[PDB]
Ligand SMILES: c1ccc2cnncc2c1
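So this first bit is one chain, no partners, the form deposited without ligand 4FT, shown in structure tokens.
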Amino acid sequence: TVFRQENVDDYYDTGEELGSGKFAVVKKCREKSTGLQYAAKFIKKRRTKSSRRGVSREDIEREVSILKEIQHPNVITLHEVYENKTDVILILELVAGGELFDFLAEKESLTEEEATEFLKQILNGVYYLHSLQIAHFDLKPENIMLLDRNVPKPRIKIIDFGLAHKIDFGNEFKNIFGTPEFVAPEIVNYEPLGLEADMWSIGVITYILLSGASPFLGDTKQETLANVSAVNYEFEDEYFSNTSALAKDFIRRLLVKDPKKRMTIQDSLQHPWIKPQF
């Protein structure tokens, strides 16, 4: 698929830097014709077929097609796509309240109500994605953004579809590996992956929301991954003593090694706590 090859600077003005990783940088921007503001994600292209630097065209096209399919209040919205020799530039919905990661760092520990208020929005967004057989594969606090961080109950959107895949055969067996603290045992063990991997990541995020602590984190990436594969976590009394037993039940049913026995997204919405790298 070919994207718009006009110079993005003829149509947008860029400003503050919003985010960035290994091969992408995100800048706030404003569309000249409308005055509307967006987030421009500049993704570095591969320079040669066999290179390891940059993102492959196949990977870029897959993220773009996924983004084009989705429209839901709890997921980011793609506006348009440009490209040049060096980058593909995705013009995305601007989510200006920052990462849930930074919100959690800056603020005092969360109440169980504040935690579920964020969690319910994540579950609604993942329910939408899983309904379309889209596995995100990289759910974590850095990939959840707030619309406005100063309201008591901030609204959120899931972002960064760079590892997302359509799962039309129940599972995918590709080069797919996210951030060690959040990946499921099947990712760690290089086994076929499905929607279940997202549900594990949800359990990890829930544990962090309630406690401020990461359940599998070790002193090195290998220790984290070893802990994930062995399901080596526990609910520390110091962190969980006033957390309800039903909250712990929820996490327990997600942090399950066998993907077949793990709660699905529909199970998670019916659960009594909720129901109304080298």
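Note that residue numbering follows the sequence shown and begins at 1.
Below, we turn to the form deposited with ligand 4FT bound, even though it does not appear here.
Placed here by superposing the C-alphas around the site, ligand 4FT (as posed in the entry with it bound) stays clear of every backbone and C-beta atom by more than 2.4 Å: open pocket. Heavy atoms within 4.5 Å of ligand 4FT in the entry with it bound map, among the stretches 127 to 135, 86 to 94, 114 to 122, 194 to 202, onto 86 to 94 alone. Residue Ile159 is the only one of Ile159, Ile208, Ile156, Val183 with a heavy atom lying within 4.5 Å of ligand 4FT in the entry with it bound. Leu139 falls outside the set of residues with a heavy atom inside 4.5 Å of ligand 4FT in the entry with it bound. For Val26, a non-hydrogen atom is located within 4.5 Å of ligand 4FT in the entry with it bound, even though that partner is not displayed.
At least one heavy atom of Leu18 is located within 4.5 Å of ligand 4FT in the entry with it bound. None of the heavy atoms of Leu217 is located within 4.5 Å of ligand 4FT in the entry with it bound. Residue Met145 is the only one in 131 to 153 with at least one heavy atom within 4.5 Å of ligand 4FT in the entry with it bound.
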